[PDB]
Every structure is written in C-alpha cells, then in structure tokens.
file final-v9.pdb (PDB, C-alpha atoms (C1' of nucleotides))
MODEL        1
ATOM      1  CA  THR A   1     -28.010  -1.113  19.382  1.00  0.00           C
ATOM      2  CA  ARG A   2     -24.951   1.087  18.850  1.00  0.00           C
ATOM      3  CA  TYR A   3     -21.906   0.435  16.680  1.00  0.00           C
ATOM      4  CA  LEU A   4     -18.475   1.922  16.094  1.00  0.00           C
ATOM      5  CA  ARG A   5     -15.710   2.652  13.590  1.00  0.00           C
ATOM      6  CA  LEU A   6     -12.025   1.751  13.485  1.00  0.00           C
ATOM      7  CA  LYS A   7      -9.013   2.138  11.213  1.00  0.00           C
ATOM      8  CA  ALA A   8      -5.418   0.937  10.962  1.00  0.00           C
ATOM      9  CA  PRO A   9      -2.587   1.448   8.450  1.00  0.00           C
ATOM     10  CA  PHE A  10      -1.493  -2.197   8.186  1.00  0.00           C
ATOM     11  CA  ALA A  11      -3.215  -5.518   8.822  1.00  0.00           C
ATOM     12  CA  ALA A  12      -2.943  -9.243   8.151  1.00  0.00           C
ATOM     13  CA  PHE A  13      -5.577 -11.991   8.481  1.00  0.00           C
ATOM     14  CA  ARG A  14      -4.012 -15.331   7.575  1.00  0.00           C
ATOM     15  CA  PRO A  15      -6.506 -18.091   6.708  1.00  0.00           C
ATOM     16  CA  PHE A  16      -5.856 -21.249   8.682  1.00  0.00           C
ATOM     17  CA  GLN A  17      -4.268 -24.360   7.159  1.00  0.00           C
ATOM     18  CA  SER A  18      -2.614 -22.167   4.537  1.00  0.00           C
ATOM     19  CA  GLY A  19       0.384 -24.497   4.304  1.00  0.00           C
ATOM     20  CA  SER A  20       3.723 -23.299   2.962  1.00  0.00           C
ATOM     21  CA  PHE A  21       2.549 -20.169   1.128  1.00  0.00           C
ATOM     22  CA  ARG A  22       0.493 -17.757   3.224  1.00  0.00           C
ATOM     23  CA  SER A  23      -2.480 -15.712   2.044  1.00  0.00           C
ATOM     24  CA  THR A  24      -5.015 -13.225   3.405  1.00  0.00           C
ATOM     25  CA  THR A  25      -8.610 -12.078   3.003  1.00  0.00           C
ATOM     26  CA  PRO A  26      -9.889  -8.538   2.308  1.00  0.00           C
ATOM     27  CA  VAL A  27     -12.110  -8.714   5.416  1.00  0.00           C
ATOM     28  CA  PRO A  28     -11.143 -10.077   8.860  1.00  0.00           C
ATOM     29  CA  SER A  29     -12.817 -13.294   9.940  1.00  0.00           C
ATOM     30  CA  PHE A  30     -15.632 -13.374  12.483  1.00  0.00           C
ATOM     31  CA  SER A  31     -13.507 -15.240  15.038  1.00  0.00           C
ATOM     32  CA  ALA A  32     -10.770 -12.596  14.861  1.00  0.00           C
ATOM     33  CA  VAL A  33     -13.410  -9.890  15.325  1.00  0.00           C
ATOM     34  CA  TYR A  34     -14.736 -11.676  18.407  1.00  0.00           C
ATOM     35  CA  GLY A  35     -11.218 -12.039  19.792  1.00  0.00           C
ATOM     36  CA  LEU A  36     -10.578  -8.327  19.291  1.00  0.00           C
ATOM     37  CA  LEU A  37     -13.866  -7.435  20.990  1.00  0.00           C
ATOM     38  CA  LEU A  38     -13.061  -9.695  23.945  1.00  0.00           C
ATOM     39  CA  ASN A  39      -9.561  -8.214  24.247  1.00  0.00           C
ATOM     40  CA  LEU A  40     -10.865  -4.636  24.246  1.00  0.00           C
ATOM     41  CA  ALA A  41     -13.405  -5.641  26.905  1.00  0.00           C
ATOM     42  CA  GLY A  42     -10.561  -6.351  29.329  1.00  0.00           C
ATOM     43  CA  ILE A  43     -11.873  -9.867  30.007  1.00  0.00           C
ATOM     44  CA  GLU A  44      -9.325 -12.657  29.669  1.00  0.00           C
ATOM     45  CA  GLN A  45      -9.958 -15.894  27.807  1.00  0.00           C
ATOM     46  CA  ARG A  46     -11.790 -18.646  29.669  1.00  0.00           C
ATOM     47  CA  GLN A  47      -8.865 -21.045  29.166  1.00  0.00           C
ATOM     48  CA  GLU A  48      -5.694 -20.939  31.282  1.00  0.00           C
ATOM     49  CA  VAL A  49      -3.819 -24.063  30.160  1.00  0.00           C
ATOM     50  CA  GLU A  50      -0.504 -24.771  28.451  1.00  0.00           C
ATOM     51  CA  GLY A  51       0.485 -27.661  26.215  1.00  0.00           C
ATOM     52  CA  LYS A  52       0.318 -28.856  22.633  1.00  0.00           C
ATOM     53  CA  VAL A  53      -3.005 -27.041  22.109  1.00  0.00           C
ATOM     54  CA  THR A  54      -4.062 -23.782  23.772  1.00  0.00           C
ATOM     55  CA  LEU A  55      -7.554 -23.126  22.390  1.00  0.00           C
ATOM     56  CA  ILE A  56      -9.630 -25.333  24.696  1.00  0.00           C
ATOM     57  CA  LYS A  57     -12.732 -23.120  24.838  1.00  0.00           C
ATOM     58  CA  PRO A  58     -15.989 -24.794  25.889  1.00  0.00           C
ATOM     59  CA  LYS A  59     -19.074 -22.784  24.952  1.00  0.00           C
ATOM     60  CA  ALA A  60     -20.801 -23.271  28.317  1.00  0.00           C
ATOM     61  CA  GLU A  61     -20.757 -19.616  29.435  1.00  0.00           C
ATOM     62  CA  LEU A  62     -20.039 -16.637  27.175  1.00  0.00           C
ATOM     63  CA  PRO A  63     -21.751 -13.265  26.577  1.00  0.00           C
ATOM     64  CA  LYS A  64     -24.161 -13.218  23.643  1.00  0.00           C
ATOM     65  CA  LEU A  65     -23.996 -10.649  20.857  1.00  0.00           C
ATOM     66  CA  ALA A  66     -24.763 -10.033  17.182  1.00  0.00           C
ATOM     67  CA  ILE A  67     -21.978  -8.881  14.858  1.00  0.00           C
ATOM     68  CA  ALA A  68     -22.052  -7.149  11.474  1.00  0.00           C
ATOM     69  CA  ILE A  69     -19.110  -6.027   9.331  1.00  0.00           C
ATOM     70  CA  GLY A  70     -18.789  -2.989   7.089  1.00  0.00           C
ATOM     71  CA  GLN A  71     -16.264  -1.877   4.475  1.00  0.00           C
ATOM     72  CA  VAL A  72     -15.871   1.684   3.207  1.00  0.00           C
ATOM     73  CA  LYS A  73     -13.017   1.537   0.673  1.00  0.00           C
ATOM     74  CA  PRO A  74     -11.398  -1.386  -1.184  1.00  0.00           C
ATOM     75  CA  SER A  75      -7.783  -2.031  -0.221  1.00  0.00           C
ATOM     76  CA  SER A  76      -5.006  -3.627  -2.258  1.00  0.00           C
ATOM     77  CA  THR A  77      -2.311  -5.941  -0.883  1.00  0.00           C
ATOM     78  CA  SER A  78       1.433  -6.510  -1.114  1.00  0.00           C
ATOM     79  CA  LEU A  79       3.726  -9.461  -0.459  1.00  0.00           C
ATOM     80  CA  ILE A  80       6.984  -9.823   1.470  1.00  0.00           C
ATOM     81  CA  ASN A  81       9.335 -12.809   1.320  1.00  0.00           C
ATOM     82  CA  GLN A  82      11.769 -12.797   4.241  1.00  0.00           C
ATOM     83  CA  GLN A  83      11.716 -15.822   6.556  1.00  0.00           C
ATOM     84  CA  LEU A  84       9.344 -18.294   8.230  1.00  0.00           C
ATOM     85  CA  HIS A  85       9.512 -20.496  11.328  1.00  0.00           C
ATOM     86  CA  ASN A  86       9.338 -24.000   9.878  1.00  0.00           C
ATOM     87  CA  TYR A  87       7.803 -26.985  11.631  1.00  0.00           C
ATOM     88  CA  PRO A  88       9.651 -30.197  10.767  1.00  0.00           C
ATOM     89  CA  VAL A  89       7.681 -32.464   8.441  1.00  0.00           C
ATOM     90  CA  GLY A  90      10.401 -35.004   7.683  1.00  0.00           C
ATOM     91  CA  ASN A  91      12.199 -37.615   9.786  1.00  0.00           C
ATOM     92  CA  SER A  92      15.156 -35.199   9.713  1.00  0.00           C
ATOM     93  CA  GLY A  93      17.651 -35.703  12.539  1.00  0.00           C
ATOM     94  CA  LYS A  94      21.096 -34.436  13.597  1.00  0.00           C
ATOM     95  CA  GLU A  95      21.279 -31.139  15.537  1.00  0.00           C
ATOM     96  CA  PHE A  96      17.528 -30.784  16.073  1.00  0.00           C
ATOM     97  CA  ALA A  97      17.503 -34.037  18.047  1.00  0.00           C
ATOM     98  CA  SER A  98      20.552 -32.913  20.065  1.00  0.00           C
ATOM     99  CA  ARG A  99      19.597 -29.726  21.926  1.00  0.00           C
ATOM    100  CA  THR A 100      15.770 -29.937  21.941  1.00  0.00           C
ATOM    101  CA  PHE A 101      14.914 -26.810  23.945  1.00  0.00           C
ATOM    102  CA  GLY A 102      11.850 -25.497  22.138  1.00  0.00           C
ATOM    103  CA  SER A 103      13.957 -26.230  19.092  1.00  0.00           C
ATOM    104  CA  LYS A 104      12.007 -25.399  15.906  1.00  0.00           C
ATOM    105  CA  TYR A 105      15.501 -25.567  14.471  1.00  0.00           C
ATOM    106  CA  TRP A 106      14.947 -26.119  10.734  1.00  0.00           C
ATOM    107  CA  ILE A 107      14.409 -22.781   8.967  1.00  0.00           C
ATOM    108  CA  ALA A 108      13.328 -22.229   5.353  1.00  0.00           C
ATOM    109  CA  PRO A 109      11.735 -19.072   3.885  1.00  0.00           C
ATOM    110  CA  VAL A 110       8.911 -19.173   1.375  1.00  0.00           C
ATOM    111  CA  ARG A 111       6.518 -16.170   1.207  1.00  0.00           C
ATOM    112  CA  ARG A 112       3.743 -14.217   2.857  1.00  0.00           C
ATOM    113  CA  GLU A 113       1.577 -11.170   2.194  1.00  0.00           C
ATOM    114  CA  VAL A 114      -0.032  -8.238   4.014  1.00  0.00           C
ATOM    115  CA  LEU A 115      -2.601  -5.499   3.412  1.00  0.00           C
ATOM    116  CA  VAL A 116      -1.995  -1.870   2.500  1.00  0.00           C
ATOM    117  CA  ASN A 117      -4.677  -0.097   4.584  1.00  0.00           C
ATOM    118  CA  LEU A 118      -7.718  -0.914   6.701  1.00  0.00           C
ATOM    119  CA  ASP A 119     -10.774   1.104   7.725  1.00  0.00           C
ATOM    120  CA  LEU A 120     -13.967  -0.599   8.903  1.00  0.00           C
ATOM    121  CA  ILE A 121     -17.309   0.353  10.439  1.00  0.00           C
ATOM    122  CA  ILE A 122     -18.150  -2.557  12.730  1.00  0.00           C
ATOM    123  CA  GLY A 123     -21.708  -3.127  13.901  1.00  0.00           C
ATOM    124  CA  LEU A 124     -22.575  -4.645  17.278  1.00  0.00           C
ATOM    125  CA  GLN A 125     -25.824  -5.558  19.035  1.00  0.00           C
ATOM    126  CA  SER A 126     -24.934  -6.413  22.631  1.00  0.00           C
ATOM    127  CA  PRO A 127     -26.485  -6.190  26.112  1.00  0.00           C
ATOM    128  CA  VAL A 128     -25.963  -3.005  28.088  1.00  0.00           C
ATOM    129  CA  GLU A 129     -23.558  -4.550  30.610  1.00  0.00           C
ATOM    130  CA  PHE A 130     -21.074  -5.577  27.911  1.00  0.00           C
ATOM    131  CA  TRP A 131     -21.200  -2.115  26.329  1.00  0.00           C
ATOM    132  CA  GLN A 132     -20.588  -0.519  29.730  1.00  0.00           C
ATOM    133  CA  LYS A 133     -17.641  -2.861  30.296  1.00  0.00           C
ATOM    134  CA  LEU A 134     -16.224  -1.835  26.911  1.00  0.00           C
ATOM    135  CA  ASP A 135     -16.637   1.830  27.860  1.00  0.00           C
ATOM    136  CA  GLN A 136     -14.826   1.215  31.153  1.00  0.00           C
ATOM    137  CA  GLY A 137     -12.017  -0.628  29.373  1.00  0.00           C
ATOM    138  CA  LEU A 138     -11.525   2.051  26.723  1.00  0.00           C
ATOM    139  CA  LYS A 139     -12.101   4.876  29.250  1.00  0.00           C
ATOM    140  CA  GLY A 140     -11.419   3.893  32.845  1.00  0.00           C
ATOM    141  CA  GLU A 141      -9.111   1.987  35.146  1.00  0.00           C
ATOM    142  CA  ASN A 142       1.394  -6.588  15.971  1.00  0.00           C
ATOM    143  CA  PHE A 143       0.303  -3.495  13.998  1.00  0.00           C
ATOM    144  CA  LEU A 144      -3.371  -4.450  14.150  1.00  0.00           C
ATOM    145  CA  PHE A 145      -5.256  -1.480  15.652  1.00  0.00           C
ATOM    146  CA  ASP A 146      -4.432   2.228  15.435  1.00  0.00           C
ATOM    147  CA  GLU A 147      -7.364   4.148  16.952  1.00  0.00           C
ATOM    148  CA  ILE A 148     -11.039   3.669  17.803  1.00  0.00           C
ATOM    149  CA  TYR A 149     -13.922   6.134  18.131  1.00  0.00           C
ATOM    150  CA  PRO A 150     -17.715   5.603  17.843  1.00  0.00           C
ATOM    151  CA  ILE A 151     -19.168   7.600  14.928  1.00  0.00           C
ATOM    152  CA  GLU A 152     -22.021   5.133  14.335  1.00  0.00           C
ATOM    153  CA  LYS A 153     -24.800   7.294  12.876  1.00  0.00           C
ATOM    154  CA  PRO A 154     -22.806   9.105  10.124  1.00  0.00           C
ATOM    155  CA  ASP A 155     -20.162   7.660   7.766  1.00  0.00           C
ATOM    156  CA  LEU A 156     -22.255   5.134   5.866  1.00  0.00           C
ATOM    157  CA  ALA A 157     -20.590   2.376   3.844  1.00  0.00           C
ATOM    158  CA  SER A 158     -21.178  -1.025   2.267  1.00  0.00           C
ATOM    159  CA  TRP A 159     -21.965  -4.229   4.163  1.00  0.00           C
ATOM    160  CA  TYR A 160     -21.723  -8.008   3.790  1.00  0.00           C
ATOM    161  CA  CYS A 161     -24.388 -10.708   3.742  1.00  0.00           C
ATOM    162  CA  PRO A 162     -24.493 -14.467   3.086  1.00  0.00           C
ATOM    163  CA  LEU A 163     -25.754 -15.416  -0.365  1.00  0.00           C
ATOM    164  CA  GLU A 164     -28.121 -18.258  -1.272  1.00  0.00           C
ATOM    165  CA  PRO A 165     -27.751 -20.283  -4.498  1.00  0.00           C
ATOM    166  CA  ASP A 166     -29.176 -17.682  -6.883  1.00  0.00           C
ATOM    167  CA  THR A 167     -27.907 -14.978  -9.250  1.00  0.00           C
ATOM    168  CA  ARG A 168     -24.189 -14.241  -8.854  1.00  0.00           C
ATOM    169  CA  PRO A 169     -22.015 -12.281  -6.400  1.00  0.00           C
ATOM    170  CA  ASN A 170     -19.403  -9.575  -6.969  1.00  0.00           C
ATOM    171  CA  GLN A 171     -16.170  -8.742  -5.111  1.00  0.00           C
ATOM    172  CA  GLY A 172     -16.971 -11.448  -2.568  1.00  0.00           C
ATOM    173  CA  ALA A 173     -14.676 -12.873   0.076  1.00  0.00           C
ATOM    174  CA  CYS A 174     -13.396 -16.421  -0.327  1.00  0.00           C
ATOM    175  CA  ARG A 175     -13.796 -18.103   3.075  1.00  0.00           C
ATOM    176  CA  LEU A 176     -15.082 -17.078   6.507  1.00  0.00           C
ATOM    177  CA  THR A 177     -15.211 -18.779   9.902  1.00  0.00           C
ATOM    178  CA  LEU A 178     -17.788 -18.371  12.678  1.00  0.00           C
ATOM    179  CA  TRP A 179     -16.476 -20.535  15.532  1.00  0.00           C
ATOM    180  CA  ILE A 180     -13.470 -22.847  15.648  1.00  0.00           C
ATOM    181  CA  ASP A 181     -11.195 -24.642  18.094  1.00  0.00           C
ATOM    182  CA  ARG A 182      -7.867 -26.025  16.912  1.00  0.00           C
ATOM    183  CA  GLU A 183      -8.826 -29.659  17.531  1.00  0.00           C
ATOM    184  CA  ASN A 184     -10.987 -32.270  15.813  1.00  0.00           C
ATOM    185  CA  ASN A 185     -14.404 -30.708  15.176  1.00  0.00           C
ATOM    186  CA  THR A 186     -16.773 -29.716  12.366  1.00  0.00           C
ATOM    187  CA  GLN A 187     -15.386 -26.167  11.818  1.00  0.00           C
ATOM    188  CA  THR A 188     -18.127 -24.041  10.172  1.00  0.00           C
ATOM    189  CA  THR A 189     -20.630 -24.708   7.404  1.00  0.00           C
ATOM    190  CA  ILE A 190     -21.365 -21.328   5.809  1.00  0.00           C
ATOM    191  CA  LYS A 191     -18.314 -20.193   3.829  1.00  0.00           C
ATOM    192  CA  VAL A 192     -19.373 -17.915   0.958  1.00  0.00           C
ATOM    193  CA  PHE A 193     -20.099 -14.257   1.714  1.00  0.00           C
ATOM    194  CA  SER A 194     -20.675 -11.330  -0.622  1.00  0.00           C
ATOM    195  CA  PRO A 195     -20.857  -7.544  -0.219  1.00  0.00           C
ATOM    196  CA  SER A 196     -23.645  -5.194  -1.257  1.00  0.00           C
ATOM    197  CA  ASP A 197     -23.047  -1.530  -2.097  1.00  0.00           C
ATOM    198  CA  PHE A 198     -25.843   0.660  -0.740  1.00  0.00           C
ATOM    199  CA  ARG A 199     -25.885   3.734   1.460  1.00  0.00           C
ATOM    200  CA  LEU A 200     -28.551   3.121   4.106  1.00  0.00           C
ATOM    201  CA  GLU A 201     -28.392   0.754   7.066  1.00  0.00           C
ATOM    202  CA  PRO A 202     -27.649  -2.935   6.429  1.00  0.00           C
ATOM    203  CA  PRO A 203     -30.651  -5.267   6.121  1.00  0.00           C
ATOM    204  CA  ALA A 204     -31.779  -7.616   8.865  1.00  0.00           C
ATOM    205  CA  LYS A 205     -30.105 -10.492   7.004  1.00  0.00           C
ATOM    206  CA  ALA A 206     -26.732  -8.721   7.254  1.00  0.00           C
ATOM    207  CA  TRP A 207     -26.569  -9.079  11.043  1.00  0.00           C
ATOM    208  CA  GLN A 208     -25.248 -12.485  12.096  1.00  0.00           C
ATOM    209  CA  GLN A 209     -25.706 -13.961  15.571  1.00  0.00           C
ATOM    210  CA  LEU A 210     -22.566 -15.654  16.868  1.00  0.00           C
ATOM    211  CA  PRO A 211     -23.155 -18.896  18.815  1.00  0.00           C
ATOM    212  CA  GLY A 212     -20.521 -17.671  21.261  1.00  0.00           C
TER
ATOM    213  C1'  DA B   1      21.886  96.925  -5.966  1.00  0.00           C
ATOM    214  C1'  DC B   2      16.070  97.661  -9.166  1.00  0.00           C
ATOM    215  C1'  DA B   3      12.751  95.989 -14.179  1.00  0.00           C
ATOM    216  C1'  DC B   4      12.316  93.341 -18.759  1.00  0.00           C
ATOM    217  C1'  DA B   5      13.528  88.928 -22.113  1.00  0.00           C
ATOM    218  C1'  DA B   6      16.271  82.874 -22.242  1.00  0.00           C
ATOM    219  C1'  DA B   7      14.386  80.273 -29.444  1.00  0.00           C
ATOM    220  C1'  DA B   8      11.765  79.534 -34.180  1.00  0.00           C
ATOM    221  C1'  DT B   9      11.084  75.197 -39.375  1.00  0.00           C
ATOM    222  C1'  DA B  10      12.617  71.315 -42.901  1.00  0.00           C
ATOM    223  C1'  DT B  11      15.522  66.386 -42.478  1.00  0.00           C
ATOM    224  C1'  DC B  12      17.170  61.186 -38.800  1.00  0.00           C
ATOM    225  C1'  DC B  13      19.890  56.071 -45.036  1.00  0.00           C
ATOM    226  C1'  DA B  14      19.498  53.885 -49.808  1.00  0.00           C
ATOM    227  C1'  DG B  15      21.495  47.462 -52.223  1.00  0.00           C
ATOM    228  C1'  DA B  16      23.729  43.051 -52.723  1.00  0.00           C
ATOM    229  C1'  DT B  17      24.920  38.838 -49.859  1.00  0.00           C
ATOM    230  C1'  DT B  18      23.876  34.788 -44.338  1.00  0.00           C
ATOM    231  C1'  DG B  19      29.017  28.852 -46.188  1.00  0.00           C
ATOM    232  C1'  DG B  20      30.503  24.997 -48.796  1.00  0.00           C
ATOM    233  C1'  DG B  21      33.018  19.389 -48.541  1.00  0.00           C
ATOM    234  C1'  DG B  22      34.089  14.439 -45.434  1.00  0.00           C
ATOM    235  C1'  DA B  23      33.244  11.421 -40.933  1.00  0.00           C
ATOM    236  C1'  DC B  24      29.404  10.331 -35.823  1.00  0.00           C
ATOM    237  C1'  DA B  25      33.233   3.943 -32.828  1.00  0.00           C
ATOM    238  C1'  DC B  26      36.181  -0.652 -32.578  1.00  0.00           C
ATOM    239  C1'  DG B  27      35.734  -6.285 -28.717  1.00  0.00           C
ATOM    240  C1'  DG B  28      35.256  -9.286 -24.401  1.00  0.00           C
ATOM    241  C1'  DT B  29      31.832 -11.093 -20.530  1.00  0.00           C
ATOM    242  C1'  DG B  30      26.399 -10.326 -18.905  1.00  0.00           C
ATOM    243  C1'  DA B  31      25.635 -14.699 -11.692  1.00  0.00           C
ATOM    244  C1'  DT B  32      27.141 -18.983  -8.361  1.00  0.00           C
ATOM    245  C1'  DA B  33      24.817 -21.714  -3.541  1.00  0.00           C
ATOM    246  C1'  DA B  34      22.605 -23.595   0.762  1.00  0.00           C
ATOM    247  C1'  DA B  35      17.608 -23.827   3.011  1.00  0.00           C
ATOM    248  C1'  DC B  36      12.434 -32.373   1.635  1.00  0.00           C
ATOM    249  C1'  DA B  37       7.660 -34.660   1.839  1.00  0.00           C
ATOM    250  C1'  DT B  38       5.158 -38.821   1.883  1.00  0.00           C
ATOM    251  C1'  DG B  39       4.522 -44.058   2.319  1.00  0.00           C
ATOM    252  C1'  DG B  40       3.504 -49.636   4.442  1.00  0.00           C
ATOM    253  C1'  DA B  41       4.494 -53.797   8.293  1.00  0.00           C
TER
ENDMDL
END

call {"tool": "encode", "arguments": {"input": "final-v9.pdb", "output": "structure tokens"}}
result
Amino acid sequence: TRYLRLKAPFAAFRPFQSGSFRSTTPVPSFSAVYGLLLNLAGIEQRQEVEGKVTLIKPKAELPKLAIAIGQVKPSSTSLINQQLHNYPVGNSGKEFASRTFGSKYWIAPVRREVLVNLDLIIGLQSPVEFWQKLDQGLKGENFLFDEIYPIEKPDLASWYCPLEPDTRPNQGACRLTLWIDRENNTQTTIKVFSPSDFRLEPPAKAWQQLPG
DNA sequence: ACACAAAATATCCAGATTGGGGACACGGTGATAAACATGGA
C-alpha cells in the first residue's frame, strides 16, 4: 500500500558463515529488513529462551507482509583491521580451561569491512493494523539507523528483482536470504538478485512475499 | 576712506655601453615479535 524512505551514514551487513575474514553486501538482506521492521513495530521476538542457540522461531503465528527494496545511489566501502572475538577451534588448553566464566579467552585479529553511506527507499505492503502499530511506535507511547520519514510518492529510484536463467545481470548482489534459523535446516533456495535502473514504480515481480 | 587694472609667445636633451672566469657535496644504516586447524579408533 504505502512505503517509506530511510538513510544512515554508516552500515554493515555481514553475510553469515563468513569465517575468519568478514565481508558485506551492498544491500541489506531480507531477514535483517524484517528484523528492523519488527523492532520498529515495538513487538518483541516470539522467542524468550537462553542457551547455546537463541533463534528458535517457529513460523506458526506471524504477521504477513510483502517487502520490496530500493536503492538510489551506489555506495563504496572501506575496511578496518582492529580486533575480533575469536571462538576456539583447536584443542588449546591452559588458562582458558582454568577460569571458564564466559571465557572466549583466545584473541586474534584478522579483518573486517564497513560501508560508507546508506540511503534506501523501502517498499511495504502490509495490513492496516500493522501500519497503525508502526505509526504508534514511531509516534506515540550500532550505528544502523539515523532517521526515518515517509516520502513514498516522490523520490523515485532503482529496484531489485530475481533473475531467471537468461541474458545477463549488471551490478547484482552476491547472496540474499529470505528466512533462516541458526540450526540445521534448508536455509533459502533463491540466491541471485539483480537491480534494474528505471524511474517509475517497480514491477509486480519486484515485490517479494515473505513466508514470515 | 571711493573707482579702474593683476600678463602676453617660442623652447622642456642629443650617443656609446648593461660583465666576464671556476665550482653546485662527501659515507653509514633503511624494522624486530607475539596472536593454529584438522584428522581416525
């Protein structure tokens, strides 16, 4: 129905299972977008549990919505190499096995990278109740978001759309994730996405319906 | 203490000359360290 714009000076979207060296994507993943939308709604996550894993999210009940992503200006990236919180991968021993109070004791720096600027025009098709809840949360009683204001109708920009095995893409993102829980599952099938540069509204294929 | 008148025409430099000779650095060195990940019985 109605959509909104946002911007931020710095951002970072680390792909999962990156390993030692971290990376990022020019466009935030769908799951991160959904998490941001849920956080702004003022509704907490369905899971309240603590342990080895803390993403136990059954899909039994969750508001339905369709999400599109826009991009107005390409952004470069930079890298910083300071420190990282290592997880032991070797038998190791000594001091780590002595104290053992949330130890994470071994430390070794490698790398990581961040973005230079972010400005997106996010598109949402949601029921009226969810939009009203968002309005109440924004107006009522990690350097990721700076400010938000709905300027839907003006300020056109490019969009993204999945591509079928034909022709060739340009300036396309590497990987994208729809739904994921950090345990044994099938992850997501569709990975490749490409942008299209045209002024008017995105096509019907651009909108993607999230299972959650 | 009254009135009247308060300059006019010619001319305002000419030559010769504006540097020459020698030299523009020599040696010695150009970081050194610590911070593991997988296999077979």

call {"tool": "resolve_selection", "arguments": {"input": "final-v9.pdb", "expression": "the PyMOL selection byres ((chain A) within 12 of (chain B))", "output": "ChimeraX atom specification"}}
result
/A:83-84,86,88-92,105-110

call {"tool": "closest_residue", "arguments": {"input": "final-v9.pdb", "among": "A:18, A:76, A:29, A:158", "to": "residue 195 (chain A)", "atoms": "all atoms listed in the file"}}
result
A:158

call {"tool": "resolve_selection", "arguments": {"input": "final-v9.pdb", "expression": "the PyMOL selection byres ((chain A and resi 48-54) around 12)", "output": "MDAnalysis selection string"}}
result
chainID A and resid 44:47 55:57 181:184

call {"tool": "atom_distance", "arguments": {"input": "final-v9.pdb", "atom1": "CA of residue 81 (chain A)", "atom2": "CA of residue 113 (chain A)"}}
result
8.0 Å

call {"tool": "closest_residue", "arguments": {"input": "final-v9.pdb", "among": "A:150, A:26, A:35, A:70", "to": "residue 2 (chain A)", "atoms": "all atoms listed in the file"}}
result
A:150

call {"tool": "residues_around", "arguments": {"input": "final-v9.pdb", "residues": "residue 169 (chain A)", "least_positions_apart": "6", "cutoff": "12 Å", "atoms": "only C-alpha atoms (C1' of nucleotides)", "output": "PyMOL selection string"}}
result
chain A and resi 160-163+192-197

call {"tool": "resolve_selection", "arguments": {"input": "final-v9.pdb", "expression": "the PyMOL selection byres ((chain A and resi 209) around 9)", "output": "CSV table (one decimal) with C-alpha atoms, keeping the file's coordinate frame"}}
result
chain,number,residue,atom,x,y,z
A,64,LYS,CA,-24.2,-13.2,23.6
A,65,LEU,CA,-24.0,-10.6,20.9
A,66,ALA,CA,-24.8,-10.0,17.2
A,67,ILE,CA,-22.0,-8.9,14.9
A,68,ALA,CA,-22.1,-7.1,11.5
A,207,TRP,CA,-26.6,-9.1,11.0
A,208,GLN,CA,-25.2,-12.5,12.1
A,210,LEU,CA,-22.6,-15.7,16.9
A,211,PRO,CA,-23.2,-18.9,18.8
A,212,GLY,CA,-20.5,-17.7,21.3

call {"tool": "atom_distance", "arguments": {"input": "final-v9.pdb", "atom1": "CA of residue 22 (chain A)", "atom2": "CA of residue 143 (chain A)"}}
result
17.9 Å

call {"tool": "residues_around", "arguments": {"input": "final-v9.pdb", "residues": "residue 28 (chain A)", "least_positions_apart": "5", "cutoff": "9 Å", "atoms": "only C-alpha atoms (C1' of nucleotides)", "output": "PyMOL selection string"}}
result
chain A and resi 12-14+33+69+176

call {"tool": "write_last_selection", "arguments": {"input": "final-v9.pdb", "atoms": "C-alpha atoms", "output": "PDB file, keeping the file's coordinate frame"}}
result
ATOM      1  CA  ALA A  12      -2.943  -9.243   8.151  1.00  0.00           C
ATOM      2  CA  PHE A  13      -5.577 -11.991   8.481  1.00  0.00           C
ATOM      3  CA  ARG A  14      -4.012 -15.331   7.575  1.00  0.00           C
ATOM      4  CA  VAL A  33     -13.410  -9.890  15.325  1.00  0.00           C
ATOM      5  CA  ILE A  69     -19.110  -6.027   9.331  1.00  0.00           C
ATOM      6  CA  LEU A 176     -15.082 -17.078   6.507  1.00  0.00           C
TER       7      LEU A 176
END

call {"tool": "atom_distance", "arguments": {"input": "final-v9.pdb", "atom1": "CA of residue 96 (chain A)", "atom2": "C1' of residue 34 (chain B)"}}
result
17.7 Å

call {"tool": "residues_around", "arguments": {"input": "final-v9.pdb", "residues": "residue 138 (chain A)", "least_positions_apart": "5", "cutoff": "10 Å", "atoms": "all atoms listed in the file", "output": "PyMOL selection string"}}
result
chain A and resi 40-42+132-133+148-149

call {"tool": "build_atoms", "arguments": {"input": "final-v9.pdb", "residues": "region 124-132 of chain A", "atoms": "N, CA, C and O atoms", "output": "JSON list (two decimals), keeping the file's coordinate frame"}}
result
[["chain", "number", "residue", "atom", "x", "y", "z"],
["A", 124, "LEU", "N", -22.41, -3.76, 16.14],
["A", 124, "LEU", "CA", -22.58, -4.64, 17.28],
["A", 124, "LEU", "C", -23.95, -4.45, 17.90],
["A", 124, "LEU", "O", -24.40, -3.31, 18.07],
["A", 125, "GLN", "N", -24.60, -5.55, 18.24],
["A", 125, "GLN", "CA", -25.82, -5.56, 19.04],
["A", 125, "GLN", "C", -25.55, -6.41, 20.27],
["A", 125, "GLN", "O", -25.47, -7.64, 20.17],
["A", 126, "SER", "N", -25.39, -5.76, 21.41],
["A", 126, "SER", "CA", -24.93, -6.41, 22.63],
["A", 126, "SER", "C", -25.73, -5.90, 23.82],
["A", 126, "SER", "O", -26.27, -4.78, 23.77],
["A", 127, "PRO", "N", -25.84, -6.68, 24.89],
["A", 127, "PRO", "CA", -26.48, -6.19, 26.11],
["A", 127, "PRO", "C", -25.76, -4.99, 26.69],
["A", 127, "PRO", "O", -24.60, -4.69, 26.36],
["A", 128, "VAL", "N", -26.46, -4.27, 27.57],
["A", 128, "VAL", "CA", -25.96, -3.00, 28.09],
["A", 128, "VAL", "C", -24.73, -3.22, 28.95],
["A", 128, "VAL", "O", -23.81, -2.39, 28.95],
["A", 129, "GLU", "N", -24.69, -4.31, 29.71],
["A", 129, "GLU", "CA", -23.56, -4.55, 30.61],
["A", 129, "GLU", "C", -22.25, -4.70, 29.84],
["A", 129, "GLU", "O", -21.21, -4.16, 30.25],
["A", 130, "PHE", "N", -22.28, -5.42, 28.71],
["A", 130, "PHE", "CA", -21.07, -5.58, 27.91],
["A", 130, "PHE", "C", -20.62, -4.25, 27.32],
["A", 130, "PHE", "O", -19.42, -3.95, 27.29],
["A", 131, "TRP", "N", -21.56, -3.43, 26.85],
["A", 131, "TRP", "CA", -21.20, -2.12, 26.33],
["A", 131, "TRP", "C", -20.59, -1.24, 27.41],
["A", 131, "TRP", "O", -19.62, -0.52, 27.17],
["A", 132, "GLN", "N", -21.15, -1.29, 28.62],
["A", 132, "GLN", "CA", -20.59, -0.52, 29.73],
["A", 132, "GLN", "C", -19.19, -1.01, 30.08],
["A", 132, "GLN", "O", -18.30, -0.21, 30.40]]
